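What follows is a single chain, given as structure tokens, in the form deposited in one PDB entry.
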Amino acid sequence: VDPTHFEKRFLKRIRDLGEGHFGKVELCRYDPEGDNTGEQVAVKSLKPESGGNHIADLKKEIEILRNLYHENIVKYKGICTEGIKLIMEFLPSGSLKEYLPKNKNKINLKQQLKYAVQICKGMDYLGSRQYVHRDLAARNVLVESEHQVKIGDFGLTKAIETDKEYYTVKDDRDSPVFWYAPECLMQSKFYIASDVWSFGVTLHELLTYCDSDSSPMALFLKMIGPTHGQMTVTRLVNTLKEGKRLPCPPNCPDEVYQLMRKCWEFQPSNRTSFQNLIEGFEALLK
């Protein structure tokens, strides 16, 4: 009996957790005894639609996640073959975007810097395996407990070729542009330093407790104007070229803001690293 083999006839769909253009993540109960005692699991799968291989990309995502082992990376549990489904552990607290607005009273700056460290450890582990994540945002950081977070989605994750510094992207219409570094917006090139820029944005979200009126989209649309349609991304590039950045969050000390700003150097080569950030946060926690 293979414990990573989930039979479709026992995987009971409960509700949607997430939806993109091509696929979804759903809450299921795996219930082989038929009495609702089985474990809740998160299930990634494709919409019937498909195309230019969404299936090949999901199969690659499965092999990426199956072979990652880090306490700050969501746990692979198995697959279901029917078309294929990725089975992951279910974290009932959800993403930082769900959890932080409801728990501001109990999550103080120390706890925020601890989450920051754990996000940097999972990212540094992914970088060491020659992966770029390309979608690091608070909506993809899951809460295991009050004391532990995990990166919880790998839908855009790509291998950087051995002896290369970046991955060039082709399918980009659904890019999360308010988290993206200039090189990503201007040339669809994705470096590890591009994930460092996305981390700085995610840190700003963590420091604003993911409030919707302080989101990176809301704040950048206030700076550049919300009415620009197809011109939005070139206006965003121009704002960043001029050196404008997301402002210091309320109650964020300058010493934390300065680590964030090192994430947002225009040139990738000038940005801090994940291991520098961990050292910086650890000095502040000492």
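In case it trips you up, residue 1 is the first one in the sequence shown, and so on. Take the two forms, find the largest set of C-alpha atoms that superpose within 1.5 Å, and that set is the rigid core.
The same protein also exists as the form deposited in another entry; that form is not shown, yet it is the one meant from here on.
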Core-aligned C-alpha movement of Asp171 between this form and the one not shown, 2 Å or more: yes
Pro253 C-alpha relocation of at least 2 Å between this form and the one not shown, rigid core basis: no
Large Cα move at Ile278 between this form and the one not shown, threshold 2 Å, rigid core: no
Closer or farther: C-alpha pair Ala137/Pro226 in the other entry, relative to this form, given a change of 3 Å or more: farther
Inter-Cα distance between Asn140 and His21 in the other entry, nearer or further [3 Å or more]: closer
